[PDB]
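Trainee: Any chance you can model this:
(9 chains, ligands or ions: 13)
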Amino acid sequence: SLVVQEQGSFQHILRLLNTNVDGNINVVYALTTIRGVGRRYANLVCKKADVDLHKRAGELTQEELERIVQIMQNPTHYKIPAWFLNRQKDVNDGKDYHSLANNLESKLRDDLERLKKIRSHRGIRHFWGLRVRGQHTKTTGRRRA
Amino acid sequence: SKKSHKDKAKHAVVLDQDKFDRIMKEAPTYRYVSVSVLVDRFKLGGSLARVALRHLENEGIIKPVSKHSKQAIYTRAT
Amino acid sequence: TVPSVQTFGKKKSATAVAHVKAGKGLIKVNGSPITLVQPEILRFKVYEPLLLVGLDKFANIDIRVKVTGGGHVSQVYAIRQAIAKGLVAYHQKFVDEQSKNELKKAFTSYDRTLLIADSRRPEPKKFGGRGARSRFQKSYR
Amino acid sequence: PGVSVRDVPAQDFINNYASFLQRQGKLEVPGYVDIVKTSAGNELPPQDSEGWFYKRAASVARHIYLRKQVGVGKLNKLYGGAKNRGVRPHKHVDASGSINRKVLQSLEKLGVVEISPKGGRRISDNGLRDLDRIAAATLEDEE
Amino acid sequence: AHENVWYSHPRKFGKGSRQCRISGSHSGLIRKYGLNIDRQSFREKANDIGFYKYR
Amino acid sequence: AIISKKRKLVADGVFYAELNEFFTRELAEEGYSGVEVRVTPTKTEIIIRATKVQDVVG
Amino acid sequence: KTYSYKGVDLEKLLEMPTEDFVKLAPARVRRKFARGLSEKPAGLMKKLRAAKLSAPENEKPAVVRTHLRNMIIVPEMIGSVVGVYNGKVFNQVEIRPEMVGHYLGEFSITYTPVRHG
Amino acid sequence: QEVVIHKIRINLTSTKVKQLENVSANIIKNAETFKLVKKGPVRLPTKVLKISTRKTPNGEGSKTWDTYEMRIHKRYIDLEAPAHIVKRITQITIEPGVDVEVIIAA
RNA sequence: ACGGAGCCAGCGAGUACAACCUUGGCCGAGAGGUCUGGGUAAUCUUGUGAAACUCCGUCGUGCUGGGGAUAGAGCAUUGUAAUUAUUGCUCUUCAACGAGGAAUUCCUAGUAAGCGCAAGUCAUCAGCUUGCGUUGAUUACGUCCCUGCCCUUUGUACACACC
Ligand SMILES: [Mg+2]
Ligand SMILES: [Mg+2]
Ligand SMILES: [Mg+2]
Ligand SMILES: [Mg+2]
Ligand SMILES: [Mg+2]
Ligand SMILES: [Mg+2]
Ligand SMILES: [Mg+2]
Ligand SMILES: [Mg+2]
Ligand SMILES: [Mg+2]
Ligand SMILES: [Mg+2]
Ligand SMILES: [Mg+2]
Ligand SMILES: [Mg+2]
Ligand SMILES: [Mg+2]
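Mentor: Residues are numbered from 1 along each chain as shown, chains lettered A, B, ... in the order given. Ligands and ions are numbered 1, 2, ... in the order given. Provided below are the atomic coordinates:
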């Protein structure tokens, strides 16, 4: 039934991977705020972590929070396949990984400078900062700065 | 764009003991209470509003008359 | 053998054929009880013939209906026509024509399409647009 | 008196039969459950964490009971609605075939469905009796 | 025109793989039922073929 | 051969168009007027309506 | 870290069997090599092997002009000096270790980028 | 000696109707003349062929679209008849145009 | 909106001197693969079990689970050839967008609109077009006010004709 919900324990501010997460949102749809963590991946990591999907992110204790942040840092060990990974097969080492909030941003930037250093058509277009997937640019965007 | 919305939080999604008592007291004296009628009085966010509504349908505090999805009609019991 | 007749109703494409016999009051559309027509909205509409006649006026008459074509609610209106036409056909072939007159009077006093088929039908679409009587748009510049 | 599956509403019967399969420890659950969205067109995995597979299996059981026989591709075309193709107009996308194949294999293991001569899987005597039993149970639950 | 070079590109499929059987024009062909005629020589010879204005 | 009957009739129409266009192309000097095709159970007769019958026969 | 492509360093990639990299080399390369590719890359490969052999071990190999923009860099090509056909000039690409996987066309810009204003 | 029954079938196709009807009626009448049993000249749904073309040959102007169609009919007929009688019947009186096919269906 | 549960259509089209429609069964989460079967067609695809919609649940006003463009990483199929990303799938990133100025477009009943389906373009692709069906309305049922059209009368210094 309904719960009085642990008078004085409804936390509002959480710091997961230096992300200022709020608590009143649903757990999966609050963790989706963290970069590299989408709705689907957060939903799966919540299902594997045996915590209620309908349970809110404001009143969990720290043990579960740390258990999931462990789960979503080495996913493949926990019956998460190669897919569901932020950087599949990871073209640096061949070891499929799942980059996270700041790691995703840093590695995306590093890939951008790699594409510059290689001086590839895709990389040179990134240097310009234009359409790269080859679409028609007669009217695409027409305003970026 | 402009800071014209000025919309506050305006909702507490999960009840406390105080709001529990207010809900269980003001449950009668209202001929009609819905999900959004319950939201109107600022006492719940709204996702838990229907939770509280069905949880007031445990000892027949409020009788239901129509039980359609997204719209159930609840009238105080006497 | 048992007095039995066969009718049908239509809505835009939808065809509901009904076989009606002298039985013990069976209303089975697609081998299903009438209380269980899916839409959940126009359910009372299939009740419409029945409830204008009054179930007490037919209890040893049974009806089984096979239907196809059209949409859901078009299918429901085909059900309406099929049941009404079957009942009136049974009355006028076996009981009496005063009964047929009184049933037609009771029916036609409400939703005239109860016994008559909806005669107005979709028309072909044409070029120069995306509708049968619609044009794309004009620019001038 | 006599009762059949067609004589009870689809939704209440289907939920009740899914719960009935929930009670029995039968109907083996494949490994890749809890992970799959049952179709590419869907955006997020089923809200029902556990028991949704039993719901689909029950739906397969009733859906085979209605007609003569069906196949996994047929259910794939039926299962799954429209895919929000980003900006593109919503089309019809076939559901995941693996989930339906495993559902039908598990239903064969339960003996509620077997291989039909025409090609596909048709209802079984034991299976149709079980469906009649659960339909009677649901009908008596209603009244 | 070493035979291995000239005309070596395959035309199994695509626009240029089919001719009009009337003028050989690749543009605007009617491939339905293997008419293999373009739109307009077809509208010329269709009343002779058997197509007709009905609606 | 194994051809769809609808496609068989379409091919017959194309055949008729070819024959008529051909007979127009040559027999103008002999006054071509029309061509007819009768696919008989055994043979496939072709009739020529022409002005200069002496010339078309040769 | 010096450079790692897919876990194999430049030390092994420099002397690396091509097919053992075909087990690597994401889906498109695998499909290409599963269908087979053609004799023309074989000729190009032989020409570059000869050119690399004949280079005097301290100067970069001679420029080999090449029209095949549909080509992917094989591991056994690093350091080659190939002019890919931009249309007018076989604009130069010297085969860096990261060339592998990417196509030749990814470095020959067929259009000169536009300048407005 | 082919007196035994063969369950023969006659398929028909015609871009027109009048000659097809005449052929079917003639076949039925000949069968009655030799007094054979049959399934009636069951009609087949009008196989209508429609293809649309841009009526302009170049592509300018108000968008005009034209539709060219045929309508073919099959009308298959099965005969529980012996061999040579039905062969003689189906090899006589075939007016031009109407394509006829014969199958033993053995 | 998203999850589940129901489960209704029609026009089409479809392999031969070449390789289509694809059933059904094994696989893979998927796209997709494989084994076999029918169908030259009211037979088989297919009753194209189509969406929109119907019921029950989660979300509850916050650029929010709306919105999915823009970016990376992989896996697939077509193609001799996918790089300037062919296309589909997996994951993540999440833009602008608060029902939009002057103006302007289409429409009177199965009609507008919403929703799809099939066919044409086809190796592979649609945001397109052509046909089809589905949920199926508001508002007239009239007038020259605007834009024109028709017939008559009248005037003109116009006739390559009020540009
Ligand atoms: Mg241009
Ligand atoms: Mg429309
Ligand atoms: Mg559907
Ligand atoms: Mg669905
Ligand atoms: Mg829905
Ligand atoms: Mg939408
Ligand atoms: Mg969404
Ligand atoms: Mg149909
Ligand atoms: Mg957002
Ligand atoms: Mg829409
Ligand atoms: Mg076009
Ligand atoms: Mg003058
Ligand atoms: Mg002037």
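
Trainee: Just give the closest residue to residue A:69, not the sequence neighbours.
Mentor: Spatially, and ignoring its direct neighbours in sequence, residue A:69 is nearest to residue A:16 (5.9 Å; CB to CB, 6 or more residues apart in numbering or on different chains). To be clear about C-beta, it is placed using only N, CA and C from the backbone, and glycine gets the same treatment.

Trainee: for that neighbour, what are its contacts?
Mentor: A:31, A:34, A:65, A:69 (CB atoms under 8 Å, 6 or more residues apart in numbering or on different chains).

Trainee: next one: residue A:131
Mentor: Shown in contact with residue A:131 (CB under 8 Å, 6+ apart): A:125, A:137, A:140, A:141.

Trainee: just residue A:116 next, same as before
Mentor: A:123, A:124, A:126, A:127.

Trainee: Pull the distance from the longest helix seen in chain F to the chain's centre.
Mentor: Using DSSP state H to define each element, chain F has its longest helix at helix F:5-26. Chain-centre distance of helix F:5-26: 7 Å, with CA atoms, centre = their mean, to the nearest Å.

Trainee: Tell me the buried residues in the next helix or strand after it?
Mentor: Per DSSP states H and E, the first helix or strand lying C-terminal to helix F:5-26 is strand F:32-38. By 16 or more other CB atoms under 10 Å in any protein chain shown, the buried positions in strand F:32-38 come out as F:32, F:35.

Trainee: export strand F:32-38 as PDB, just CAs?
Mentor: Presented in PDB, the C-alpha positions along strand F:32-38 are these (Å, rounded to 0.1, in the frame of the first residue of the first chain):
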ATOM      1  CA  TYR F  32      -0.500  -1.300 -96.300                       C
ATOM      2  CA  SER F  33      -3.900  -0.900 -94.600                       C
ATOM      3  CA  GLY F  34      -4.200  -3.400 -91.700                       C
ATOM      4  CA  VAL F  35      -2.900  -6.500 -90.100                       C
ATOM      5  CA  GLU F  36      -4.900  -9.200 -88.200                       C
ATOM      6  CA  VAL F  37      -3.700 -12.100 -86.100                       C
ATOM      7  CA  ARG F  38      -5.700 -15.300 -85.300                       C
END
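
Trainee: and the residue in chain D that chain B sits nearest to, helix, strand or coil?
Mentor: Nearest residue of chain D to chain B, counting by CB to the nearest CB: residue D:11, 11.3 Å away. Following DSSP: H, G, I helix; E, B strand; the rest coil, the label given to residue D:11 is helix.

Trainee: Residue C:7 now?
Mentor: Applying three-state DSSP to residue C:7 yields a three-state assignment of strand.

Trainee: ditto for residue G:31
Mentor: Under three-state DSSP, the three-state class of residue G:31 is helix.

Trainee: Please enumerate the helices of chain D.
Mentor: So, for chain D - with DSSP H - the helices run D:10-23, D:52-66, D:72-78, D:97-110, D:125-142.

Trainee: Quick check: which of those helices is buried the most?
Mentor: Of the helices of chain D, the one with the most neighbours on average (mean count of other CB atoms under 10 Å in any protein chain shown) is helix D:52-66, at a mean of 21.

Trainee: which other helices and strands contact that helix?
Mentor: Counting contacts by 3 or more CB pairs under 8 Å, 6 or more residues apart in numbering or on different chains; DSSP states H and E, helix D:52-66 packs against helix D:10-23, helix D:72-78, helix D:97-110, strand D:113-115, strand D:121-123, helix D:125-142.

Trainee: could you pull out the strands for chain B?
Mentor: Ranges of strands within chain B are B:62-68, B:71-76, based on DSSP state E.

Trainee: The residue in chain D positioned nearest to chain C and chain H, how far apart?
Mentor: With CB to the nearest CB, the shortest gap between chain D and chain C falls at residue D:6, namely 4.9 Å. Residue D:6 sits 32 Å away from chain H, going by CB to the nearest CB, to the nearest Å.

Trainee: For chain G, which helix extends over the most residues?
Mentor: Counting residues, the longest helix found in chain G (DSSP H) is helix G:39-54.

Trainee: Go through that helix and flag the buried ones.
Mentor: In helix G:39-54, counting by 16+ other CB under 10 Å, buried: G:44, G:45, G:48, G:51, G:52.

Trainee: For residue D:9, give me its contacts.
Mentor: Applying CB under 8 Å, 6+ apart, one finds that residue D:9 lies in contact with residue C:36.

Trainee: what about the closest residue to residue C:30 other than its chain neighbours, how many residues close to it?
Mentor: Once flanking residues are discounted, residue C:30 sits nearest to residue C:67: 6.0 Å by CB to CB, 6+ apart. By other CB atoms under 10 Å in any protein chain shown, the residues close to residue C:67 number 19.

Trainee: do residue C:112 as well
Mentor: So residue C:112, with other CB under 10 Å, has 10 neighbours.

Trainee: how about the strands in the chain?
Mentor: In the absence of a named chain, this looks at chain A. With DSSP E as the criterion, chain A has strands spanning A:13-15, A:20-22.

Trainee: wait, I meant chain H there
Mentor: Counting by DSSP E, the strands of chain H are H:8-13, H:37-38, H:47-54, H:65-72, H:77-80, H:99-103.

Trainee: between the fourth one and strand H:8-13, how many degrees?
Mentor: In this structure, strand H:65-72 runs at an angle of 160 degrees to strand H:8-13, with axes from the mean of the first three to the mean of the last three CA atoms, to 10 degrees as the basis.

Trainee: Out of the contacts of residue A:131, who's the most crowded?
Mentor: Neighbour-wise, the contacts of residue A:131 (other CB under 10 Å) top out at residue A:125, 17 neighbours.

Trainee: excluding its backbone neighbours, what's nearest that residue?
Mentor: Nearest to residue A:125 is residue A:132, by CB to CB, 6+ apart, at 4.4 Å.

Trainee: tell me the contacts of the one you found?
Mentor: When contacts are counted by CB under 8 Å, 6+ apart, residue A:132 touches A:122, A:125, A:126.

Trainee: separation between the one residue in chain F that gets nearest to RNA strand I and residue E:1?
Mentor: Of all residues in chain F, the one sitting closest to RNA strand I is residue F:5 (3.4 Å; CB to the nearest atom of the strand). Separation of residue F:5 from residue E:1 (CB to CB, to the nearest Å): 45 Å.

Trainee: Quick check on these two: which one has the bigger neighbour count.
Mentor: Legend: neighbour count by other CB under 10 Å for residue F:5 and residue E:1, higher for residue F:5 (15 against 6).

Trainee: and the gap between the closest residue to the more buried one other than its chain neighbours and residue F:25?
Mentor: Closest residue to residue F:5 apart from its sequence neighbours, by CB to CB, 6+ apart: residue H:13 at 5.1 Å. Using CB to CB, we find residue H:13 at a distance of 30 Å from residue F:25.

Trainee: Looking only at neighbour counts, state which of these two leads.
Mentor: More crowded of residue H:13 and residue F:25, by other CB under 10 Å: residue H:13, with 22 against 9.

Trainee: Next to RNA strand I, which bits of chain A? Give me the list.
Mentor: Residues of chain A lying close to RNA strand I by CB under 7 Å from any atom of the strand are A:25-26, A:29, A:32, A:34-42, A:54, A:81-91, A:104, A:108, A:111, A:115, A:120-122, A:125-126, A:131-135.
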